[PDB]
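I have placed the structure first, in the form of structure tokens, so that the comments after it can refer back to it.
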Amino acid sequence: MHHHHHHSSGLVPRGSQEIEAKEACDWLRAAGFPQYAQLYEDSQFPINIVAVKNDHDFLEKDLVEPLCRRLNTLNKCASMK
């Protein structure tokens with residue numbers, strides 16, 4: 001029943017982009033960064049992804065790929081400025 005996350009990976013893009021949108025928000029929360037997920041419906045996803053991910057927040061760079069990809073997949077739909 002109780003858990004924190006599933007796994008720490010994400011390298012399989014497909015045409016199912018409307019289903020990837022669900023997994024994007026939920027993965028951000030699971031990975032320990034729910035602030036980013038909640039900012040989707042507030043129209044605050046596009047806030048310099050490459051800058052905020054480069055603040056050296058964790059030691060491992062493998063976590064920075066899905067932090068980029070899950071932001072990017074919703075960015076298309078958000079279209080803010």
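Just so we're on the same page: first chain in the structure tokens is A, next is B, and so on; residues restart at 1 for each chain, and ligands are numbered from 1 in the order they show up.
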
Handout entry: All residues 8 Å or closer to stretch 51-58 of chain A, only C-alpha atoms, same chain fewer than 3 positions away omitted, as a list in words
Key = residues 47, 48, 61, 64, 67 and 68 of chain A

Handout entry: Shell of 10 Å around stretch 26-30 of chain A, only C-alpha atoms, local chain residues under 4 positions omitted, as a PyMOL selection string
Key = chain A and resi 3-8+10+21-22+34-38+66-67+70-71

Next, write the just-selected residues to a file, as a compact mmCIF listing (two decimals), in the first residue's frame, keeping N, CA and C atoms as the atom set.
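Written file, selection.txt:
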# COMPACT_ATOMS: atom_id res chain seq x y z
N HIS A 3 4.02 3.64 -0.36
CA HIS A 3 5.30 3.74 -1.08
C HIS A 3 5.69 5.21 -1.32
N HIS A 4 6.94 5.46 -1.73
CA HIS A 4 7.46 6.79 -2.09
C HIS A 4 7.51 6.99 -3.62
N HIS A 5 8.13 6.06 -4.34
CA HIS A 5 8.24 6.04 -5.81
C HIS A 5 8.31 4.60 -6.35
N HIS A 6 8.13 4.44 -7.67
CA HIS A 6 8.27 3.16 -8.37
C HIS A 6 9.75 2.85 -8.65
N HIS A 7 10.35 3.54 -9.63
CA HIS A 7 11.77 3.45 -10.02
C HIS A 7 12.32 4.83 -10.45
N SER A 8 13.65 4.95 -10.57
CA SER A 8 14.37 6.17 -10.99
C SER A 8 14.94 6.00 -12.40
N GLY A 10 13.55 6.66 -17.06
CA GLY A 10 12.60 7.19 -18.04
C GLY A 10 13.23 7.54 -19.40
N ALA A 21 1.39 12.68 -20.36
CA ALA A 21 0.99 13.85 -19.57
C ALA A 21 0.55 13.52 -18.13
N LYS A 22 -0.21 12.43 -17.93
CA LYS A 22 -0.60 11.91 -16.61
C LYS A 22 0.62 11.46 -15.81
N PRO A 34 7.13 17.68 -5.91
CA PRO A 34 5.72 17.92 -6.24
C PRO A 34 5.40 19.39 -6.56
N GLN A 35 6.24 20.33 -6.13
CA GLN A 35 6.13 21.76 -6.47
C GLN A 35 6.06 21.97 -7.99
N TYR A 36 6.97 21.35 -8.75
CA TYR A 36 6.95 21.42 -10.22
C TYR A 36 5.63 20.89 -10.79
N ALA A 37 5.17 19.70 -10.39
CA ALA A 37 3.91 19.11 -10.85
C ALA A 37 2.70 20.03 -10.63
N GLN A 38 2.53 20.56 -9.42
CA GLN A 38 1.41 21.43 -9.04
C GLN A 38 1.34 22.72 -9.89
N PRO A 66 14.74 12.78 -16.72
CA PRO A 66 13.29 12.79 -16.54
C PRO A 66 12.76 14.13 -16.00
N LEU A 67 13.52 14.85 -15.16
CA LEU A 67 13.20 16.23 -14.75
C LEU A 67 13.11 17.19 -15.95
N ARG A 70 9.77 15.17 -18.51
CA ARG A 70 8.42 15.33 -17.93
C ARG A 70 7.96 16.79 -17.90
N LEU A 71 8.88 17.74 -17.74
CA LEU A 71 8.61 19.17 -17.95
C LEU A 71 8.31 19.47 -19.44

Exercise for the section: Give me, please, the distance in Å between atom CA of residue A:44 and atom CA of residue A:62, quoted to one decimal. Expected result: 24.0 Å
